[PDB]
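Engineer:
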RNA sequence: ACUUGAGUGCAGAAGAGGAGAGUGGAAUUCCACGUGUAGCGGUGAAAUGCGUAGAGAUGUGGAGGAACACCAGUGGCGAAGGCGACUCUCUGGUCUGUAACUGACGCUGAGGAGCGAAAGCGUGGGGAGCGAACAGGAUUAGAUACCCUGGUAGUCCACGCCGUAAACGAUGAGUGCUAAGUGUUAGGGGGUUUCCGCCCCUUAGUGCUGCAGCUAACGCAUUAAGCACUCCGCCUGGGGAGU
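Chains as they are written, first to last, in UniProt numbering: chain A, 2 to 276; chain B, 1 to 95; chain C, 2 to 89; chain D, 2 to 132; chain E, 9 to 79.
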């Protein structure tokens, strides 16, 4: 759910925080906290190569199977917990081994549900199995690309996929945003759309929450000096003067395609980017 | 509970003893919820009108299950994605 | 509902006379429990206006019978109300 | 239902009063009883024979109107409305019709007629009015 | 006079079927081109045409009678 | 005190009454590839548009949305708006039948509460067909229209607001009575009938034809606009002005 704040001051007049009903316990597992350093958009040189990051709060990473290499032994969801490193939440799972693993949380789960992960496993939301055994048309997330790499594919909050219809090799997938990629068949995948579906309707409201996260503010095109940004200039609020809008480098950023043309993904698309 | 007379056909590409395994295991999963399935049937290899998935005819089947109320959605939804059961139409039984 | 174990079970647990199927305390019992189970079963999917109109008509009828039993016997109506639980 | 009994009997003797039926039913009550003895004794219908039985009721009168269309029940009107009641004192007991009809005011000693109630000289609830 | 030809067609020897296990009276009910039969030309009752129509559908759902025919 | 009113029970019957989930086809569009050529399309007549970059048609396969033909009918159900492929869960209601119980526990009901087509409105999804605004061509003296070729929002879904309609039977609800016929579903009792089927009696619902009666006339007429009772709402010449 999503609460909304009464306008006690002018910071509050649009802002929303989510209800935090999905979460159960606060203080996480001490034995899977991996430490982090906010890098601030920097490089390994030291230059800041990503504009307007930095400023955030002290994050702390929690180790996640985006693989689910272990198999067959059912899980038993102990707690579903909150992680500042991403949109969606994480469910803590006590396997029967004792291998307490933070594993990404699909919706509809609570405490106590069995989660296997073999190729024999169910299509109960949470169970994970390679894409051959998945039937045509299930809600799938956590897709990988190369077998056993880790769930690069879909993961963020309130997203999903399908399986349109497959061969021995490969398995077609209507991914999110419509790209149909011939994803490899022995790729491990897990079942369900990703929990905390109402992340998008969170109205940020006050300015500094984008600084709380954080994101440094951005300075627009016809604001910087005509040196620094190739739109800036004029006698103030000049029109966006030069033809072909242009990034702060000399490349147009209305629709100029940026995929390599000679690239590996020329075969791995049946249908792309419905726009 | 109430009688659930649901009979969903087996795939025509199935093998013989594998088809007996499909009826055996599927009958077990239908029977796991206390329903002593007091009915059975095997209508045989009988051709249908249009294709189900790929056949021009299939190996027809029947059922007669007496349970809840607890496993009709189990035997329908848990068998909706099998490779043997072409299209199971689990009609209610109140005749 | 109601289930037969609550129809015959509830009428058997609240029979005013030895062979009285009616006896408006009994009608308030059966209509009351069926209104409660229709209240949760209406609350499970809160869009069905037809079943909701049934819940309003049924709950209103159980209220009118409650006022009838309250006008028919005072102390027995208080004992039926405080024993049943509702009306508060 | 059951808005008023005397209006149900009066609507019975009216609607049957135009139907040309031989006998007429009614709901058997003390108003149908005493009004049956008054309205039968004044000579409108042939005979009321209150054939009683379980559970309630049920009067049965015959229309005493001959060949000539419109006999001794020639038209009836609810002079007292159960819902907004009529009233009539001693000197104000009105004799309905003028010289033909007769009204039936429920006096304090029995359901009288018009002229007999004026003979007692005491009025009450205007029970019905048979013009 | 005074009845219909093909008198009621199911009320004489019914009732309460079929539906799934029946393909015989279903064979005599679903029409030649493929459509359901007209209830004036076939001759069923009210409840007879209702039950034979519901069992004609529910027997067409499990692929028993064809969902379309030839010309 | 009593039982027909009204309610409970017992047994029947019926339905597109509702809410949620899942499934299935026919058809259109689009896409991929075969086959093939010079037209396809539309009209009152044409043109815009599409087509040698290979269209239409035809064959195969795939994707997706929306609505479910036949049954289907002045049929059914619902308080009304309305509700249609099929299956399941949860649920309301109606009528029939004896008749176990209760013993008037009922009718209406201003406020108050709640629902209410389609258009709209907010957000987020979905966009196959249809399609305001818009574009082009046609007809006309003119065409901000009719027609045709396209085409956005919308229609679809979920969550909230909107609370209007010829929301119609232009007929508020409840009850009692009062000529008849003929249909039509949902039941029941019966006369013989194993059957089946005919016929009567009976309800309940609904359609036609009509007596009395009503009326300004059309018309209504046991589903009254008849005949009476209860209660609520509305009406007091038109425009101004539902301003």
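For every residue, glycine included, the Cβ atom is placed at its ideal position computed from N, Cα and C.
#1: I need the straight-line Cα distance from residue 197(A) to residue 81(A), nearest angstrom please.
#2: Just to confirm the assignment, what range does the beta strand (DSSP E) spanning residue 283(A) have?
#3: Any idea what DSSP makes of residue 166(A), helix, strand or coil?
#4: Got a sec? Which residues, its chain only, sit under 8 Å from residue 22(E) by beta carbon, not counting five neighbours each side?
#5: Going by other Cβ atoms of all chains shown within 10 Å of its Cβ, with 16 needed for buried, is residue 194(A) buried or exposed?
#6: At 7 Å on the CB atoms, spell out the chain B contacts of residue 24(E), in chain order.
#7: Tell me the rounded alpha-carbon separation between residue 151(A) and residue 66(A).
#8: Determine the contact status of residue 129(A) and residue 186(A), defining contact as a CB-CB distance below 7 Å.
#9: Spatial neighbours of residue 202(A) within its chain, please: C-beta separation below 8 Å, excluding the five flanking residues on both sides.
#10: Assuming residue 178(A) contacts residue 274(A) under a Cβ cut-off of 8 Å, what Cβ separation, rounded to an integer in Å, is found between them?
#11: Determine, using beta carbons only, whether residue 69(E) comes closer than 7 Å to chain B.
#12: Got a sec, what are the start and stop residues for the beta strand (DSSP E) residue 66(B) sits in?
#13: What residues of chain B sit near residue 124(A), judged by a beta carbon separation below 7 Å?
#14: Give the DSSP bridge partners of residue 133(D), in chain order.
#15: Would you tell me roughly how many angstroms separate the C-alpha atoms of residue 20(A) and residue 40(A), rounded to the nearest one?
#16: Just checking: is the beta-carbon of residue 48(B) within a distance shorter than 7 Å of some beta-carbon in chain E?
#17: Taking Cβ-Cβ distances shorter than 7 Å, what residues in chain E pair up with residue 89(B)?
#18: When the Cα of residue 44(B) is compared with those of 50(B), 31(B), 59(B), 38(B), which residue comes out closest?
#19: DSSP has residue 76(A) in a bridge; who is on the other side?
#20: Residue 37(B) versus chain E: which residues are under 9 Å apart at the beta carbon?
#21: Report the CB separation of residue 75(A) from residue 117(A) in whole angstroms; it is logged as a contact under 8 Å.
#22: Less than 7 Å between the beta carbons of residue 27(E) and residue 68(E), yes or no?
#23: Say whether chain B places a C-beta atom closer than 7 Å to the C-beta of residue 299(A).
#24: In the structure shown, what three-state DSSP assignment does residue 6(B) receive?
#25: Closer than 7 Å between beta carbons: that is the criterion. Which residues of the stretch 132 to 164 of chain A meet it against chain B?
#26: I need the boundaries of the beta strand (DSSP E) containing residue 44(B), first residue and last residue.
#27: Looking at residue 9(B) and residue 61(B), is the spacing between their C-beta atoms short of 7 Å?
#28: What residue range is occupied by the uninterrupted beta strand (DSSP E) comprising residue 107(D)?
#29: Exposed or buried, residue 63(C), counting other C-beta atoms within 10 Å across all chains shown (16 or more means buried)?
#30: Considering only C-alpha positions, which residue in the set 102(A), 176(A), 181(A), 8(A) is nearest to residue 161(A)?
Structural biologist: The short version:
#1: Rounded to whole angstroms, residue 197(A) to residue 81(A) spans 11 Å at the Cα level.
#2: Any answer about residue 283(A) is impossible in this case: the structure gives chain A only from 2 up to 276.
#3: Secondary structure at residue 166(A): strand, using DSSP grouped into helix, strand and coil.
#4: Excluding sequence positions up to five before and after residue 22(E), its CB lies within less than 8 Å of the CB of 56, all in the same chain and listed in chain order.
#5: Buried, by the Cβ-count rule.
#6: In chain order: 95.
#7: Computed Cα separation, rounded: 8 Å.
#8: Contact: no.
#9: So the list reads 3, 17, once near-sequence residues are dropped.
#10: For a cut-off of 8 Å, the C-beta gap from residue 178(A) to residue 274(A) is around 7 Å, short enough to register as a contact.
#11: Answer yes: the Cβ-Cβ gap between residue 69(E) and chain B drops below 7 Å somewhere.
#12: Residue 66(B) -> beta strand (DSSP E) spans 65 to 67.
#13: The answer, in chain order, is 81.
#14: There is simply no residue 133(D) to check, as chain D begins at 2 and stops at 132 in what is shown.
#15: Cα to Cα, the separation comes out at about 30 Å.
#16: Closer than 7 Å to some Cβ of chain E, the Cβ of residue 48(B) qualifies, so yes.
#17: Going along chain E in sequence order, the residues near residue 89(B) (Cβ under 7 Å) are 69, 70.
#18: Ranking the options by Cα distance to residue 44(B), first place goes to 59(B).
#19: For residue 76(A), which the question treats as bridged, DSSP gives the partners 116(A).
#20: For residue 37(B), there are no neighbours in chain E by C-beta distance under 9 Å, as the nearest C-beta there is about 16 Å away.
#21: About 5 Å separates the beta carbon of residue 75(A) from that of residue 117(A), a gap short enough to meet the 8 Å contact definition.
#22: No.
#23: Residue 299(A) is absent from the structure shown; chain A starts at 2 and stops at 276.
#24: Coil, per DSSP.
#25: Against chain B - using a Cβ distance shorter than 7 Å - the residues of the stretch 132 to 164 of chain A are 136.
#26: For residue 44(B), the uninterrupted beta strand (DSSP E) run begins and ends at 44 to 46, by DSSP.
#27: Their beta carbons are under 7 Å apart, which means residue 61(B) touches residue 9(B) by this criterion.
#28: Per DSSP, residue 107(D) is one residue of the beta strand (DSSP E) stretching across 103 to 108.
#29: With 16 or more other Cβ atoms within 10 Å, it is buried.
#30: Of the candidates 102(A), 176(A), 181(A), 8(A), 176(A) places its Cα closest to the Cα of residue 161(A).
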